[PDB]
């Protein structure tokens, strides 16, 4: 069917020493799902997980569609040097009233070349299962 993709923007805010993760959307979600009508969220993790601050985030759940826009932004407190040791992991999970995640695939993103100035990179990432 193809690759399932997610669009993410990233931006460091050195004024406040925080890192923004913007989860924009999925395309070709049909490929990743066998079932129909499931509810889909994204699980974002900033790794390795430093216990000082919060490293695990979750989007709201939405009704699955081949394209699916979330536009959810998460802010993370972190010095730029800290940020540059981190890998970002985003997974596409299906979920039900059980509140159990079924993360069927996702991407990993080395954060060693996030810019410091402020221009936000927006890129597409292939999912892997």
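Residue numbers count along the first chain shown, from 1.
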>> I need to verify one thing: averaged over C-alpha atoms only, is the B-factor higher for 15-23 or for 112-120?
In response: 112-120
> Between 30-38 and 83-91, which has the larger average Cα B-factor in the PDB entry?
Replying inline: 30-38
> Say you rank 51, 66, 102, 72 by Cα B-factor from the PDB entry; which sits at the top?
Replying inline: 51
> What third of its chain, lowest, middle or highest, does the C-alpha temperature factor of residue 58 fall into?
Replying inline: lowest
> Comparing residue 8 with the other modelled residues of its chain, is its CA B-factor in the lowest, middle or highest third?
Replying inline: lowest
